[PDB]
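Just the one chain here, laid out as structure tokens, in the form deposited in one PDB entry.
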């Protein structure tokens, strides 16, 4: 079922990027209605200007130029109880860099209890010119090779020592 996964923090310039904000209800069985707000403050500047609001099925987008155009909803569709809210940007630009805060509003319907809750997920992304390979990927690949080389060296090493001994035994008798 639903799992919470943190969004990627580096977006290549001039390429599409997807921001992931996923919020999971404590109990899957319960049914509630959700809506979301994403506010972004550009790097080097204080505060957040709400950029988009998604309620019902239609997505409302603020008129600011930084994000004018370039945004599409990648969230749960037709559910009306979103669970997963994600924003996808086409044609990523430097202007799209900084801190992103996404707040979720959920109406939970219980037997005689109606509960309104707020959870805040904030995503911070920095634009870079060229995709940078993750350090974990690089360390592991280099690390894996060393093991492959060391083991083989060890295996070959025994044979030179073991084999010579075996050859020696035949001659003695």
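Positions refer to the first chain, counted from 1. So that the term is clear: the rigid core is the largest set of C-alpha atoms that superpose within 1.5 Å between two forms.
We do not show the form deposited in another entry, though everything after this point is about it.
Participant: Which single residue of 134, 126, 64, 141, after superposing the core, moves its CA by 2 Å or more between this form and the one not shown?
Facilitator: So the only displaced C-alpha belongs to 64.
Participant: Classify the change in Cα distance between residue 10 and residue 61 in that other deposited form as closer or farther, relative to the shown form (magnitude of 3 Å or more).
Facilitator: So the answer is farther.
Participant: Relative to the form shown here, do the C-alpha atoms of residue 95 and residue 64 sit closer together or farther apart in that other deposited form, given a change of 3 Å or more?
Facilitator: Residue 95 and residue 64 sit farther apart in that other deposited form.
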